[PDB]
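The structure appears right after this line, and notes come after that.
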Amino acid sequence: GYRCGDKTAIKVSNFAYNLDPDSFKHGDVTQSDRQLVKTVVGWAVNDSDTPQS
Amino acid sequence: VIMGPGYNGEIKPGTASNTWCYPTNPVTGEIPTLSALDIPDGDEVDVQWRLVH
């Protein structure tokens with residue numbers, strides 16, 4: 001054929017990757033046990049002759 | 001022998017029943033130079049007018 005050997009070339013480049021939030025999937029959900037974050041203690045002292053709130 | 005476009009114009013050792021040929025006394029194809037065209041002296045626009053008409 002005419003100019004056989006001058007094969008057409010298909011070039012790929014300039015790749016870019018977006019992200020689709022709606023495509024989200026998750027596996028098995030693990031929930032840990034309650035862990036003590038913090039503690040505050042105190043004393044309420046009543047030296048009067050009546051209950052105090 | 002020289003082959004046609006279908007053969008991609010290949011020139012290969014061989015022989016054929018016809019043959020390209022070139023003059024043994026080639027003629028020069030140079031563009032002849034003619035006698036000058038003389039325009040009478042005048043204003044620029046007048047000279048151009050006489051030339052283009």
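Ligands are numbered from 1 in the order shown, chains are lettered A, B, ... in the order of the structure tokens, and residues start at 1 in each chain.
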
Write out as a PyMOL selection string the set of residues from chain B that DSSP, computed on the backbone, places in helix (DSSP H, G or I). chain B and resi 5-7+44-52

For the residues selected in the previous step, produce a file with C-alpha atoms as an mmCIF file, in the first residue's frame.
data_model
loop_
_atom_site.group_PDB
_atom_site.id
_atom_site.type_symbol
_atom_site.label_atom_id
_atom_site.label_comp_id
_atom_site.auth_asym_id
_atom_site.auth_seq_id
_atom_site.Cartn_x
_atom_site.Cartn_y
_atom_site.Cartn_z
ATOM 1 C CA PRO B 5 2.360 5.145 -6.625
ATOM 2 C CA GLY B 6 0.757 1.829 -5.719
ATOM 3 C CA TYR B 7 4.268 0.438 -5.354
ATOM 4 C CA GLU B 44 3.839 59.193 -9.157
ATOM 5 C CA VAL B 45 0.076 58.682 -9.368
ATOM 6 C CA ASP B 46 0.067 59.468 -13.089
ATOM 7 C CA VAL B 47 2.821 56.920 -13.737
ATOM 8 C CA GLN B 48 0.960 54.267 -11.755
ATOM 9 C CA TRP B 49 -2.262 55.109 -13.601
ATOM 10 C CA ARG B 50 -0.564 54.677 -16.964
ATOM 11 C CA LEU B 51 0.970 51.391 -15.818
ATOM 12 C CA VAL B 52 -2.188 49.740 -14.510
#

How close does chain A get to chain B? List, as a Markdown table, each residue of chain A within 7 Å, its nearest atom pair and the distance in Å to one decimal, counting only C-alpha atoms.
| residue | atom | partner | partner_atom | distance |
| --- | --- | --- | --- | --- |
| A:1 | CA | B:6 | CA | 6.1 |
| A:2 | CA | B:8 | CA | 5.1 |
| A:3 | CA | B:8 | CA | 6.3 |

Show me, as an mmCIF file with N, CA, C and O atoms, in the first residue's frame, the residues that have an atom within 12 Å of residue 16 of chain B when counting only C-alpha atoms, minus same-chain residues fewer than 4 positions from it.
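File written: around-v8.cif
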data_model
loop_
_atom_site.group_PDB
_atom_site.id
_atom_site.type_symbol
_atom_site.label_atom_id
_atom_site.label_comp_id
_atom_site.auth_asym_id
_atom_site.auth_seq_id
_atom_site.Cartn_x
_atom_site.Cartn_y
_atom_site.Cartn_z
ATOM 1 N N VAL B 1 14.232 0.138 -12.990
ATOM 2 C CA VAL B 1 12.838 0.438 -13.281
ATOM 3 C C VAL B 1 12.257 1.231 -12.123
ATOM 4 O O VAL B 1 12.625 1.028 -10.960
ATOM 5 N N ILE B 2 11.343 2.135 -12.452
ATOM 6 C CA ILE B 2 10.627 2.943 -11.478
ATOM 7 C C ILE B 2 9.168 2.515 -11.485
ATOM 8 O O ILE B 2 8.556 2.355 -12.548
ATOM 9 N N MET B 3 8.616 2.319 -10.293
ATOM 10 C CA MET B 3 7.279 1.781 -10.117
ATOM 11 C C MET B 3 6.314 2.891 -9.723
ATOM 12 O O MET B 3 6.728 3.984 -9.328
ATOM 13 N N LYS B 12 13.949 0.088 -8.504
ATOM 14 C CA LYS B 12 14.602 -1.186 -8.250
ATOM 15 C C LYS B 12 15.258 -1.706 -9.519
ATOM 16 O O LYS B 12 14.824 -1.373 -10.626
ATOM 17 N N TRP B 20 11.200 5.821 -19.291
ATOM 18 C CA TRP B 20 11.277 7.271 -19.213
ATOM 19 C C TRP B 20 12.518 7.760 -19.943
ATOM 20 O O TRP B 20 13.574 7.122 -19.901
#
